[PDB]
Structure formats: C-alpha cells, structure tokens
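A.B. asks: Dropping a structure here in structure tokens format, bear with me for questions.
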Amino acid sequence: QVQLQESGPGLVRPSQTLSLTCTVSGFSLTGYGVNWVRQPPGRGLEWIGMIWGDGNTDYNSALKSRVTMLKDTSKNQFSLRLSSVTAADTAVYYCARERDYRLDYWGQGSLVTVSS
Amino acid sequence: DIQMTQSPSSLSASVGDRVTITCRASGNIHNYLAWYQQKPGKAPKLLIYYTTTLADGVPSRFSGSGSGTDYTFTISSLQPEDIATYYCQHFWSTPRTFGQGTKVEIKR
C-alpha cells in the first residue's frame, strides 16, 4: 500500500530541539515531496514546509528561522527538526505526501508537548 | 505568498441541510485549491483537489467551485458522518497555506 508515519519524542523540554521521523514506504523518495504540517491543539492546521526528493526544501517564514528538514534516502524516512522549542510549539505533527498539488497521504501525526 | 481566508469559522446545521464554505485566496491560485475534512482526532482526509475534483472514494455529496480568487466547498445534505472541520489549501505556489477551518456542527 502507501503510507507515512510520524514517530518520535512525545515530550520535549523547552529551549531544546524537537525532532521527528516520517517513515514513508509505498512510493519513491525522489519523485515525491513530503510536506510537513502541524496544528497546535484547538488551533487549526499550519504549513511548516516541505522537502523534495532532492533534499531541497521550502520553509514557512515563521519557522525558517529554526525548522530543518532532512531525508534519509537509505531508509524511507524524512526528518523534521524544530529548535529552541517553547510551549508555543506543543502540537500534533503530520508528514504527508504531496502528489500533484494535493497531499494525498498523511500520517496520523504524533503529538509533541514541550514543557519543563 | 497567498494568504487564505476561509469562512465561516464555525457553522451549525441540522442533518439533511445543504452547506457551503468558501475560501478566498489573496491572489489567483489558479484552481489549485484542495479541501480537507478533518474529524476530531484523526488526520485530515482529502475530499477535493483542484477545486472541482473529488479524491477517489469521496462520495458525490461534496463539491467545490470557484475560479481565480474565490472558491467554494459544499456538502449537499449534512449527514452525521460529516460533522467535522474542513480546511482548504492552495498549491498555486509555496507556501502552501491553509484556511482558518470551518467547524461544521449539528445545530443543538
């Protein structure tokens, strides 16, 4: 079939650097984009950015200052790294496949709660 | 980059009711708008992409219109299995922004 899957630290201590894996598998890592959207609870969906099958990436100007997306060609997975995380970043992270101007396949994100 | 302005933020409708939520991108996003139905708890699901098209599997009770700048999304008869938030997000260009989200709620 076709699937992605956030995994990772459910809780992060503020000032730190949060990070998640998105393990895809059912499509190719190069002819497909992996988009990353988060959504602080009660608040709606927001577009973090997106990494391409070539490693290049497009950030969302609020998070450019601290987000970072990688890809592990060798393991069907993509990495997202937020930094100097604060309570304003506690939310559910989603990785999804953008295929033809649509994000057809989403993981069922993993919640991350920052706090001391 | 196109900001998206979707509304209303929250509508109450009894079942059977028709429902239409609209997104108006700030700058023609050229039909490159997709609608998502998100039910409390799960990840967003793709109902419609490219304004007009229903993602395979999506029933014919949802539809979307618009061109250039002002697009729309519509549920023809609200069924209980449709009570959820819906967000649109253009793709005309990065950053792929999202609507504020419409909260569809059974009128109590």
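We label chains A, B, ... in the order they appear in the structure tokens, count residues from 1 in each chain, and number ligands from 1 in the order shown.
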Taking the DSSP secondary structure from the backbone, can you list the residues of region 1-57 of chain B that are strand (DSSP E), as an MDAnalysis selection string?

C.D. replies: chainID B and resid 6:7 10:13 19:24 33:38 45:49 53:54

A.B. asks: If we count only C-alpha atoms, which residues of chain A reach to within 12 Å of chain B? Please list them as a PDB file with C-alpha atoms, in the first residue's frame.

C.D. replies:
ATOM      1  CA  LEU A   4       3.860   7.546   6.119  1.00  0.00           C
ATOM      2  CA  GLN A   5       4.335   7.613   9.877  1.00  0.00           C
ATOM      3  CA  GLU A   6       5.421  10.231  12.329  1.00  0.00           C
ATOM      4  CA  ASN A  35       5.072  18.101   3.307  1.00  0.00           C
ATOM      5  CA  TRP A  36       5.074  18.859   6.957  1.00  0.00           C
ATOM      6  CA  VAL A  37       2.032  20.416   8.676  1.00  0.00           C
ATOM      7  CA  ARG A  38       1.461  20.817  12.454  1.00  0.00           C
ATOM      8  CA  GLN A  39      -1.505  22.041  14.411  1.00  0.00           C
ATOM      9  CA  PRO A  41      -4.405  21.861  19.719  1.00  0.00           C
ATOM     10  CA  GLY A  42      -7.662  23.706  19.266  1.00  0.00           C
ATOM     11  CA  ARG A  43      -5.909  25.817  16.733  1.00  0.00           C
ATOM     12  CA  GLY A  44      -6.066  24.789  13.059  1.00  0.00           C
ATOM     13  CA  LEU A  45      -3.576  23.248  10.625  1.00  0.00           C
ATOM     14  CA  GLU A  46      -0.449  25.180   9.676  1.00  0.00           C
ATOM     15  CA  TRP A  47       2.090  24.512   6.926  1.00  0.00           C
ATOM     16  CA  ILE A  48       5.617  24.135   8.244  1.00  0.00           C
ATOM     17  CA  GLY A  49       7.346  23.354   4.949  1.00  0.00           C
ATOM     18  CA  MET A  50       8.357  20.622   2.537  1.00  0.00           C
ATOM     19  CA  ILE A  51      11.304  18.637   1.456  1.00  0.00           C
ATOM     20  CA  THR A  57      13.280  22.492   0.850  1.00  0.00           C
ATOM     21  CA  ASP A  58      10.721  25.332   1.146  1.00  0.00           C
ATOM     22  CA  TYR A  59      10.090  26.786   4.635  1.00  0.00           C
ATOM     23  CA  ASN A  60       7.284  28.711   6.156  1.00  0.00           C
ATOM     24  CA  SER A  61       8.976  32.108   7.073  1.00  0.00           C
ATOM     25  CA  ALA A  62       7.991  31.910  10.726  1.00  0.00           C
ATOM     26  CA  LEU A  63       9.753  28.649  11.129  1.00  0.00           C
ATOM     27  CA  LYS A  64      12.555  29.172   8.596  1.00  0.00           C
ATOM     28  CA  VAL A  92       0.469  17.337  16.626  1.00  0.00           C
ATOM     29  CA  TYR A  93       2.939  16.969  13.763  1.00  0.00           C
ATOM     30  CA  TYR A  94       1.985  15.456  10.406  1.00  0.00           C
ATOM     31  CA  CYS A  95       4.024  14.406   7.461  1.00  0.00           C
ATOM     32  CA  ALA A  96       2.112  13.912   4.200  1.00  0.00           C
ATOM     33  CA  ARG A  97       2.763  13.126   0.567  1.00  0.00           C
ATOM     34  CA  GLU A  98       2.168  15.960  -1.839  1.00  0.00           C
ATOM     35  CA  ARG A  99       1.263  14.406  -5.143  1.00  0.00           C
ATOM     36  CA  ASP A 100       0.043  16.736  -7.825  1.00  0.00           C
ATOM     37  CA  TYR A 101      -0.821  19.769  -5.848  1.00  0.00           C
ATOM     38  CA  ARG A 102      -2.545  17.577  -3.236  1.00  0.00           C
ATOM     39  CA  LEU A 103      -1.388  15.969  -0.055  1.00  0.00           C
ATOM     40  CA  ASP A 104      -2.962  12.600  -0.750  1.00  0.00           C
ATOM     41  CA  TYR A 105      -1.443  10.611   2.045  1.00  0.00           C
ATOM     42  CA  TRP A 106      -0.968  11.745   5.640  1.00  0.00           C
ATOM     43  CA  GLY A 107       0.494  10.025   8.688  1.00  0.00           C
ATOM     44  CA  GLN A 108      -1.673  10.266  11.810  1.00  0.00           C
ATOM     45  CA  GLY A 109       0.695  12.632  13.430  1.00  0.00           C
ATOM     46  CA  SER A 110       2.428  12.435  16.697  1.00  0.00           C
ATOM     47  CA  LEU A 111       1.705  14.887  19.495  1.00  0.00           C
TER      48      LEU A 111
END

A.B. asks: Out of A:9, A:28, A:1, A:14, which residue has the shortest atom-to-atom distance to residue 83 (chain A) when counting only C-alpha atoms?

C.D. replies: A:14

A.B. asks: Between CA of residue 112 (chain A) and CA of residue 78 (chain A), what is the spacing in Å?

C.D. replies: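 Atom-to-atom, CA of residue 78 (chain A) to CA of residue 112 (chain A), that is 17.2 Å.
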
A.B. asks: Could you tell me, as a PyMOL selection string, which residues of chain A DSSP assigns to helix (DSSP H, G or I) when given the backbone?

C.D. replies: chain A and resi 73-75+87-89

A.B. asks: Taking only C-alpha atoms into account, name the residue in B:88, B:11, B:78, B:21 that is nearest to residue 105 (chain B).

C.D. replies: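 Checking each candidate against residue 105 (chain B), we get B:11 as the closest.
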
A.B. asks: Please provide as number ranges by chain all residues within 8 Å of residue 19 (chain A), with the sequence filter that same-chain residues fewer than 4 positions apart are discarded (counting only C-alpha atoms).

C.D. replies: A: 8-9, 79-82

A.B. asks: Taking only C-alpha atoms into account, name the residue in B:81, B:75, B:16, B:51 that is nearest to residue 30 (chain B).

C.D. replies: B:51
